[PDB]
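This text opens with one protein chain seen in two forms, each one given by itself as structure tokens under the names structure 1 and structure 2.
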Structure 1
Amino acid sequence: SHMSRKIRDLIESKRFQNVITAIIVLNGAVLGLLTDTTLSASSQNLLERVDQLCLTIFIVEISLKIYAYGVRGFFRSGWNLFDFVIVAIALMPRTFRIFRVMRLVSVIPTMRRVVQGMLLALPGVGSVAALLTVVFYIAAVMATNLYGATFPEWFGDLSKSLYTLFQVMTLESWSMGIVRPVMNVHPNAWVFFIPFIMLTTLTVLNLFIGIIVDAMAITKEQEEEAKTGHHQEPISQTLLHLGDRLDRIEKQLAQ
């Protein structure tokens, strides 16, 4: 009965998605080729047109979408917003056009759900992250005061110290490159660095594991709802309802 309705049906098809995916990939491949500094002037010119085309197909797509759903209903979705900004900002002649390839995530549903699970897991680890942040800040202040005068390249100011401490937490050359040189001047520096490592590696892995365990559960419920309209009821609710059926046959057997 309606134009709008027939467009939404197009937008939401599997073929349309495949086509926009193919254009993202192509845009991506062309921006990759353009890294090649040896290119002829005409080749670069060509590739830049392919990019122009890709960007155009993107504006038609988003247009189609803002029409078929209306200004307020398109902007209802973070993903549409994201798609919109990514495409919009390219219409302002920043220099990292290649971020356009993140649209593979916004356009492919299973990929969107991976990202959604990870974003959704961030709140629940916020206290673990804050504890890490506090540990970092305190360590960076002490390292600057302790070591900044004698090791200024690594600890000369707070910024330097944070950088160095991040390197130390990743275990990268922590000993041969940082702590042994420091200990030649400050023999007890292991008393600072080895507890720092123990605590940050424990906390970071806590942070990581919390994100991953949650993100995987969220994603998995999203995949279920996407396929069947509902998710698995948690065992605890299943046992709750079993508790109810038991109450209703205990009460029924009064007489």
Structure 2
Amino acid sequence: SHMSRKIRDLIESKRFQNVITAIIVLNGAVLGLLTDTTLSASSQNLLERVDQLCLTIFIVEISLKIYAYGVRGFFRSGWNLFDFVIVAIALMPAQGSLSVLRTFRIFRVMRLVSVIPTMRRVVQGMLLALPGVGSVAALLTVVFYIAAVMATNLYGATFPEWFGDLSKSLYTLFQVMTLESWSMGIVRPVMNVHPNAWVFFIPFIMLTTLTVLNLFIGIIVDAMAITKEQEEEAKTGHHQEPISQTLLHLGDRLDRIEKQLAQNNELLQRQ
């Protein structure tokens, strides 16, 4: 229709993005002021209404989009669904789920990612890089589970605060992996009772730090290449051959042209 044609161009305008961005920043700034308990009852009521104002502008924004794109058209984008859920959850009447409350209204500032395209790209590259490190992430999960069971059996009776159960052991092994007081706080005290405890903890540190670095480098290198590759697909409109494919086949492509040159030289030398 005509009403669903200008609205899309209003939605796609730089100023509309900037207006929404300004309202996200504003909502975020009022939620930060609401952390101050010394504020007067009138100041709290004022900011709570600016929060209500900000939220209503997001209901108008999402409705404008659902109409101008359609239910199937809007929910076709993962970013729009995320934007929908962020706003729709604020109007959820006693939602049934394992948690505590929804005071986490500050997760509305996470919309700065979906609304700013330079930031949307960064998060997109990182998210697209996750499936590819699933195996490394699972190997790290296996090492933690094996280690947690071993630590609970070995040290739980003598160190119940740190290794009393599986939960306690996963928490202190995560601390050990982060190298946080691993020796002065955990292993030297454990070695006073179990002198060969270093046989367990030093290999655990060696293995988990390498794996977590592997996981992190893997995510970073992939996210960087995916982003670069997507920017090129956006600029030209043509599909970008991933760099790994270009590098894997560089040898094959060079020898083929070397051979095609030699046969063109053979037909040339004898004419």
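Residues are numbered by position in structure 1's sequence, first residue being 1. Heads up, when I say rigid core I mean the largest set of C-alphas that superpose within 1.5 Å between the two forms.
Just a single entry of 226, 207, 47, 59 exceeds or equals a 2 Å CA shift between structures 1 and 2, which is 226 (rigid core superposed). In a rigid-core overlay of the protein, residue 239 has its C-alpha displaced by at least 2 Å between structures 1 and 2. Here the rigid core is superposed, and residue 178 then shows its C-alpha moved by 0.1 angstrom between structures 1 and 2. For residue 71, the Cα shift between structures 1 and 2 is 1.0 Å when the rigid core is held fixed in the overlay.
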